[PDB]
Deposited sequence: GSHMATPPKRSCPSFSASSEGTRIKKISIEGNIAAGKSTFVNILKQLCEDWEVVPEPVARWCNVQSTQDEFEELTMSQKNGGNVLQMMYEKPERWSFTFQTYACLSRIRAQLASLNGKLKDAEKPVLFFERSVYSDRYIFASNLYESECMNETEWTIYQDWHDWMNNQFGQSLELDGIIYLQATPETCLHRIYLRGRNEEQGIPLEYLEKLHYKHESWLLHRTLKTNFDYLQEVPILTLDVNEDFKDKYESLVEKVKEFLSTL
């Protein structure tokens, strides 16, 4: 009954900014953010900063981070689905990213960059497949909103936000991530193991311009898109 929409975009493209205007548009809309602050202070459900560990030494910490982030996402998304939104009249749940970008964008890029070895990559995919067989059904997407921004725009927006753990990220890394997003969501040439994704509707929104100026037109396009689903 709940419609599920993933918001996808590169680092600092503006996913959280876009997420922060959604609830005011309709009482039956809910959001599941990525728990980025929790990845910076690991505590059981003062701790280690696993996001910082990955960026400081990615060949050591990528597998650990990638497994922890994706599990944390699944847990949060399931918590929202099984909560009070279940009761609303026209419920829509918006996710800040998906299990699909965790694997096909982030973890795949780190494997390709030799930050995971063959063993790590095999274990990660085996784990991801199993987690999706146990839960993929309830989290299946009805639509994707792709917030498209240049990697140079994203690099500027990392500076604007000032999240400590991201200040060292080089343009080269954001560029690699950009081309993976374009392959998946614009050209639709990135192959995955989840056949339904090749037909899921995608709304592409260019977010290179200032949000203050673009807001009204973005909202119009979102409401139109959601009326087709």
Against the full deposited sequence, which stretches does the structure leave out? 1-22, 68-79
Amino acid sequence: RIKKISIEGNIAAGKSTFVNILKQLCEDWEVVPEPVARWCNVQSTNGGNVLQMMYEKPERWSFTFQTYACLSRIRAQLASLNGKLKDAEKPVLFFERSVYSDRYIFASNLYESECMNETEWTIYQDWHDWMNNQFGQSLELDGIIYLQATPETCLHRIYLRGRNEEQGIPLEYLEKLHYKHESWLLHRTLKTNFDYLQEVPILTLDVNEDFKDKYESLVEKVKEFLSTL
From here on, numbers count along this sequence of modelled residues.
Taking the other compared PDB entries with both flanking residues modelled, is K23 unmodelled in at least a third? no
Check: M53 without coordinates in a third or more of other entries: no
As the entry reports it, the stretch among 204-212 and 6-14 with higher mean C-alpha B factor is 204-212
Of 179-187 vs 192-200, the stretch with the larger average CA B-factor in the entry is 192-200
Which of these, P170, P33, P58, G47, has its C-alpha atom at the highest B-factor, as the entry lists it? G47
Between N132, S98, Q77, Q125, which one tops the list for C-alpha B-factor in the PDB entry? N132
So, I145's CA B-factor, relative to its chain, sits in which third? The lowest
Where does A88 sit by CA temperature factor within its chain: lowest, middle or highest third? highest
Which third, lowest, middle or highest, does the CA B-factor of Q43 fall in along this chain? highest
Quick check on the deposited entry: does the C-alpha B-factor of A37 sit in the lowest, middle or highest third of its chain? middle
Relative C-alpha B-factor of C70, binned into the chain's lowest, middle or highest third: middle
